[PDB]
Amino acid sequence: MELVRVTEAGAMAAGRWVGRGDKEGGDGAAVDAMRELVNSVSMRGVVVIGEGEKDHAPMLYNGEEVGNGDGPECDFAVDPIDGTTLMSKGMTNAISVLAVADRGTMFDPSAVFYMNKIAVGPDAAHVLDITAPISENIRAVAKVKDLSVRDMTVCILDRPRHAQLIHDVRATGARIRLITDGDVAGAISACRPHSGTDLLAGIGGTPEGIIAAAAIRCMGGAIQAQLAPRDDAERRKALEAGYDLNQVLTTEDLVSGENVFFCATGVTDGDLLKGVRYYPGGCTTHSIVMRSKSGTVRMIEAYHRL
Ligand SMILES: O=P(O)(O)OC[C@H]1O[C@](O)(COP(=O)(O)O)[C@@H](O)[C@@H]1O
Ligand SMILES: [Mg+2]
């Protein structure tokens, strides 16, 4: 069960590219570290969600059989650096995340879409309805959490596509914690108690949403998702090919295993994880590790030497 090391390795390599302005270098260092370390853990695993396909993205592709070959079969999802932008620009909130579940329990690869997603902590889990307007979701979650609607804090990615959403949430008088990248940590923060974030809502990336669903399954809470295309061209494509885009995906629908493992390691100083500190002896790396069987969330600061 050497899994944590992976993300830690991912951060460590990636940590040496912070502020440097090169994004591909950080992604590549993190991917190389995580690959070289995961192919050594006694674990046969298929990457259902990763960097990409077997063409331009050479490393950490979908369908890659990772591990030394031993152990039980399992679905594997990895974001080497969530918010690579923030890594290269030397800004806060950047992590290396990894989710592991039973074989076949993670959400469909299928075709490459974005994902509209809305998540809340265990408090108001059963009252989410992603098809309802954000007004009703905010009001329901507010009453359930015993909050006034003015003190609700919705986390939304600061994009042009979400502008309307912004306005709507601002109509209910609710606060919006606009972030720039990384809705995995944002969803985990929404499902974190006393974290300031009560709810996440927005159209982010499907891999991030599936890994966040694994995390939410581990720690408790609920995320609902609808697939979404980037342009009208892909909406049309989904129409000829029979994609029920109106379909709602739950937390279990994305990751439906029984043992669910989610570990992140901070690259830069994030809200839920401190970045990698380098000193001549080695480096300190902070990580979070969550298991579904036990519900024990473990926050681990690790000291490394050479
Ligand atoms: O940045 P986009 O393309 O608008 O989509 C946002 C997605 O990018 C991410 O920030 C991923 O980080 P990177 O793109 O920097 O690798 C996700 O968290 C988020 O879902
Ligand atoms: Mg990324």
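Heads up, residue numbers simply count up from 1 along the chain you see.
If you check the header, you will see the structure was determined by X-ray crystallography, 3.7 Å.
Cβ from N, Cα, C; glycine included.
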Subject >> Of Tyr61, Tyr114, residue recorded by Swiss-Prot at the substrate site of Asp82, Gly83, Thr84, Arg159, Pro160, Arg161, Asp181, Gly182, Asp183, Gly205 >> reply: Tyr114
Subject >> Mn(2+) 2 binding, same site as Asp79, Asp82 - Swiss-Prot member from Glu2, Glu208, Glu234 >> reply: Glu208
Subject >> Residues satisfying Cβ distance under 8 Å from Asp82 (Mn(2+) 2 binding site), sequence separation of at least 6 >> reply: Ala94, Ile95, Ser96, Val97, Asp181, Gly182, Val184, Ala185, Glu208
**OP:** For each of the binding-site residues (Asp27, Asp79, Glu208), count the other CB atoms lying within 10 A of its CB, then report the residue with the highest count.
**Re:** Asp79
Original post:
Can you tell which of the binding-site residues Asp27, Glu51, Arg159, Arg161, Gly205 lies nearest to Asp79 (Mn(2+) 2 binding site) in space, using Cα positions?
Top reply: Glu51
Original post:
Cβ under 6 Å from ligand 1: which of the binding-site residues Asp27, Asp82, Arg161 qualify?
Top reply: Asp82
